[PDB]
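Trainee: There's a structure below that I have some questions on.
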Amino acid sequence: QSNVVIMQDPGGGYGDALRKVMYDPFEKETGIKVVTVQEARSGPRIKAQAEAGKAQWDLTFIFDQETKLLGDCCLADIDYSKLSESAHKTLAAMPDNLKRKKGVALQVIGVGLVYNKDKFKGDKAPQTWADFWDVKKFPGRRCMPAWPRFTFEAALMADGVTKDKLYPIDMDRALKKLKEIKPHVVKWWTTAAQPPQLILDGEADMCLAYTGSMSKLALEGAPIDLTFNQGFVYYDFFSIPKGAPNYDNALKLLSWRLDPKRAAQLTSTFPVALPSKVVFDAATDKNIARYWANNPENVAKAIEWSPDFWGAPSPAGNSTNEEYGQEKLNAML
C-alpha cells in the first residue's frame, strides 16, 4: 500500500487478538497499514539483514540479551520524545530496566508445564519437570520447544537440580536427560500456534508451552490446566532495526501499543500482560490479572530465568551460550 509499517507477529490466537484490538484500529485511525510478518525468532534475522545492507522490518520483539547483543550493530535508538502523552503515562509506571535506548518491554511471557486435565485429574496431575520426565507415573505424549532455552533448564530440574542452581547450564547433563525423554516427544515445537493445537487435538498430553494461550483455553473450558511451578517468565523487548524502512510509522505503532486503555483491552482479550501498572489499573475486570505472567503469585512459583546466561559468550568463545546450545540440540533432533 501507500503507507505501511512492517510488524513482527507471533501468529496464533495472540496474533488474532493483536490484529483485532491493535492493528486494524491503528490503520483506521492513522492510514498506516500494519503488514504483519510471522516470525518466532527475529534476532538472528535482524542481524543477517543488517549485514546484507537493508533492514526489512520496522518493529520487532526480541529478548533482553538481544537488545544488548544487537544494539550497536543493528538496532535504532527509540525516540521516546515522539511517543504520545498516553504512552508516557504507561512508561512512567514501568520499571527502569524495561525501558532502554534500544528497546521497550511490551509483553511479559510465561512458559510452563501444561497438561490435559481430563487425563490427569486431581493429584495424578504433574507438578514438576521430574513428573514431566516420569512416563511411568504420568503416561502420555510430551511436547517441548526445539530450543535450548527452557528445555535445558527443565531437563536439569527433572534430573534433580534445584531452581536456584541452574546457571551456568550444564549442557552435557541436560542433553543426556533430553535424550531420555526424546522417544516420548511427539513434536519439538517452534511457533506459538503449535502447542495449543497439539494439546487440543490430543496429539500431546502435556507440554512445556506458553501459558497465555493455555490460560485462555482453560477459561474457555478446554480440558487444560497448567502451573507456573518451575516455570519461566521473560520480557519481549520491542525494538526498531537500524535502517528500518518506516521508522516514523514504527514509533507511531509503538505509541499505539503503549496506550493504557488499548493495552488493557488487548491484555483482557488475550492474557499476555504489558508490564506497566497503569495497564492493570485500566483493566475493567482485574481478576484476569491472575493469568498474567507478572502476577506475583505466578512469578513466585517460576524460576528466575537468565537471559544474561543465554546471551553470554559460550565456552566455544565465538558463539553465545544459546547458539552453542542450539548447535548441540540441532544434532539431537
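In the C-alpha cells, chains take letters A, B, ... by order of appearance, with residues numbered from 1 within each chain and ligands from 1 in the order shown.
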Taking 4 positions as the minimum chain separation for residues in the same chain, which residues sit within 7 Å of residue 294 (chain A) when counting only C-alpha atoms? Answer as a PyMOL selection string.

Mentor: chain A and resi 108+298-299

Trainee: Mind giving me the straight-line distance from CA of residue 238 (chain A) to CA of residue 320 (chain A) in Å, one decimal?

Mentor: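 Between CA of residue 238 (chain A) and CA of residue 320 (chain A) the gap works out to 21.0 Å.
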
Trainee: I need the strand (DSSP E) residues of region 91-143 of chain A per DSSP on the backbone, written as an NGL selection string.

Mentor: :A and (104-116 or 142-143)

Trainee: List as an NGL selection string the protein and nucleic acid residues near residue 119 (chain A), meaning an atom at most 10 Å away when only C-alpha atoms are counted, but skip any in the same chain fewer than 6 places from it.

Mentor: :A and (125 or 138-140 or 205-206 or 223-224)

Trainee: For the residues in that selection, give me C-alpha atoms as a short mmCIF file (atom, residue, chain, number, x, y, z; two decimals), in the first residue's frame.

Mentor:
data_model
loop_
_atom_site.label_atom_id
_atom_site.label_comp_id
_atom_site.auth_asym_id
_atom_site.auth_seq_id
_atom_site.Cartn_x
_atom_site.Cartn_y
_atom_site.Cartn_z
CA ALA A 125 -1.55 -34.16 37.75
CA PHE A 138 2.34 -39.94 34.25
CA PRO A 139 1.88 -41.81 30.94
CA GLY A 140 1.34 -39.76 27.79
CA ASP A 205 -0.91 -34.91 26.64
CA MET A 206 1.45 -32.48 28.33
CA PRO A 223 -9.58 -29.75 29.45
CA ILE A 224 -6.35 -27.89 30.15
#

Trainee: Find the residue from A:203, A:275, A:40, A:137 that sits nearest to residue 120 (chain A); use only C-alpha atoms when measuring.

Mentor: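 Checking each of A:203, A:275, A:40, A:137 against residue 120 (chain A), counting only C-alpha atoms, the winner is A:137.
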
Trainee: Using only C-alpha atoms, which of A:142, A:173, A:28, A:41 sits nearest residue 157 (chain A)?

Mentor: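 Nearest candidate to residue 157 (chain A) out of A:142, A:173, A:28, A:41: A:173.
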
Trainee: Using only C-alpha atoms, determine which residues lie at most 7 Å from region 251-257 of chain A, disregarding the query and same-chain residues fewer than 5 positions distant; provide the list as an mmCIF file with N, CA, C and O atoms, in the first residue's frame.

Mentor:
data_model
loop_
_atom_site.group_PDB
_atom_site.id
_atom_site.type_symbol
_atom_site.label_atom_id
_atom_site.label_comp_id
_atom_site.auth_asym_id
_atom_site.auth_seq_id
_atom_site.Cartn_x
_atom_site.Cartn_y
_atom_site.Cartn_z
ATOM 1 N N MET A 22 -5.407 -4.029 18.188
ATOM 2 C CA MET A 22 -4.347 -3.065 17.901
ATOM 3 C C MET A 22 -4.240 -2.661 16.431
ATOM 4 O O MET A 22 -4.323 -1.478 16.106
ATOM 5 N N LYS A 82 8.945 11.152 20.691
ATOM 6 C CA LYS A 82 7.882 11.057 19.692
ATOM 7 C C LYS A 82 6.679 10.249 20.161
ATOM 8 O O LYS A 82 5.661 10.202 19.468
ATOM 9 N N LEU A 83 6.791 9.580 21.307
ATOM 10 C CA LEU A 83 5.661 8.808 21.822
ATOM 11 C C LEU A 83 4.589 9.727 22.399
ATOM 12 O O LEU A 83 4.882 10.829 22.869
ATOM 13 N N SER A 84 3.345 9.269 22.370
ATOM 14 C CA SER A 84 2.215 10.084 22.793
ATOM 15 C C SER A 84 2.223 10.380 24.291
ATOM 16 O O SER A 84 2.930 9.738 25.072
ATOM 17 N N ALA A 87 1.158 7.250 26.081
ATOM 18 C CA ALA A 87 2.261 6.292 26.139
ATOM 19 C C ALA A 87 3.236 6.646 27.245
ATOM 20 O O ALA A 87 3.768 5.772 27.905
ATOM 21 N N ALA A 263 -4.093 -1.067 25.617
ATOM 22 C CA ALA A 263 -3.315 -2.197 26.134
ATOM 23 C C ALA A 263 -4.148 -3.016 27.114
ATOM 24 O O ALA A 263 -4.108 -4.232 27.106
#

Trainee: Would you tabulate, counting only C-alpha atoms, all residues of region 71-155 of chain A that have an atom at most 12 Å from an atom of region 267-274 of chain A, showing the closest pair of atoms and their distance in Å to one decimal, sorted by chain then ascending number, as a Markdown table?

Mentor:
| residue | atom | partner | partner_atom | distance |
| --- | --- | --- | --- | --- |
| A:90 | CA | A:274 | CA | 9.4 |
| A:91 | CA | A:274 | CA | 10.6 |
| A:93 | CA | A:274 | CA | 11.0 |
| A:94 | CA | A:274 | CA | 9.3 |
| A:95 | CA | A:274 | CA | 11.6 |
| A:98 | CA | A:274 | CA | 10.7 |
| A:104 | CA | A:274 | CA | 10.4 |
| A:105 | CA | A:274 | CA | 7.6 |
| A:106 | CA | A:274 | CA | 5.0 |
| A:107 | CA | A:274 | CA | 4.7 |
| A:108 | CA | A:273 | CA | 5.5 |
| A:109 | CA | A:272 | CA | 6.5 |
| A:110 | CA | A:272 | CA | 8.4 |
| A:111 | CA | A:272 | CA | 11.5 |

Trainee: Looking at A:288, A:316, A:175, A:278, which one is nearest to residue 330 (chain A), with distances taken over only C-alpha atoms?

Mentor: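 Checking each candidate against residue 330 (chain A), we get A:175 as the closest.
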